[PDB]
């Protein structure tokens, strides 16, 4: 068993920026890691390709994963619309942590965020399931288009994504 690695190719108003790859901790949170892995390959017939990062707050995080409404209100899991908080073993310890957005206990869908700082106030409330493995410099580049209120100044999209390993 080896944890899966998936990648996103990021574009800024259609111009390629670069590739970010992620290691998913399927050994600790198998169900949450599976959900993100299948949405990155698009194998259930829907997923992250073509979707955008709709909320980026510099020094905090980049949020995305709404492939239905595209505006921060949608997305769904591969298990139905929402699923349970699998566990909170891992914490939001620094830059590069991959975690699930939600609207309270047991409401995980497809929306996720990549932390650019330690955000310990989300520990025990948001399930951590991966980390940036390569491409942290592309995540830093993405922050330049965010704002204190979250609106981005450019359209940041997942031009392509898939599983590497």
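Numbering follows the first chain given and starts at 1.
Student: Quick check on the record: does 131-139 or 63-71 carry the larger mean Cα temperature factor?
Tutor: Of 131-139 and 63-71, the stretch with the higher C-alpha B-factor average is 63-71.
Student: Going by the B-factors listed in the PDB entry, is the mean over the C-alpha atoms higher for 122-130 or for 25-33?
Tutor: Per the PDB entry, the higher value belongs to 25-33.
Student: Please place residue 161 in the lowest, middle or highest third of its chain by C-alpha B factor as given in the entry.
Tutor: Tercile = lowest for this residue's CA B-factor.
Student: Can you work out whether the C-alpha temperature factor of residue 115 puts it in the lowest, middle or highest third of the chain?
Tutor: Its C-alpha B-factor belongs to the middle third of this chain's values.
Student: Using the B-factors in the PDB entry, rank residue 52's C-alpha atom against the chain and give the third, lowest, middle or highest.
Tutor: Top third by C-alpha B-factor.
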